[PDB]
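As a starting point, one isolated chain is supplied in structure tokens, in the form deposited in one PDB entry.
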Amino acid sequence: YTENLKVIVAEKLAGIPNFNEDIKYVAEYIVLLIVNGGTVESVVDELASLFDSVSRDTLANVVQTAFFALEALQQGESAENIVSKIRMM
């Protein structure tokens, strides 16, 4: 599920107004933090230390969506369906 998660995180990032950072890199960094056992708080904390152009509230939304999407994937939800939901929003 790591390759689809990186895509799903990128899709979420792409929808953030005024998001100026390298999306592919931020998505990779997020998935690195999550796959290796981070808590929601520890992942948000780490991202906030790297990117001062993005609010903690926004980072928290992105992180929440990532963990949520991962669980959904594990339960057998399709990555397409998850992407379609993120893009609607």
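For every residue, the number given is its place in the sequence shown, counted from 1.
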Segment of higher mean CA temperature factor, 68-76 or 18-26: 18-26
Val35, C-alpha B-factor rank within chain (lowest, middle or highest third): highest
Chain-wide C-alpha B factor ranking for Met89, given as lowest, middle or highest third: highest
Within-chain third of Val83 by Cα B-factor, per the entry: highest
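There is another form of this protein, the form deposited with a partner chain bound, and it is not shown here; the text below is about that form.
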4.5 Å heavy atom contact, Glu28 and the partner chain in the deposited bound form: yes
Partner proximity in the deposited bound form: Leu50 to the partner chain, non-hydrogen atom cutoff 4.5 Å: yes
Contact of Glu21 with the partner chain in the deposited bound form (heavy atom, 4.5 Å): yes
Interface membership of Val35, the partner chain in the deposited bound form, 4.5 Å heavy atom rule: yes
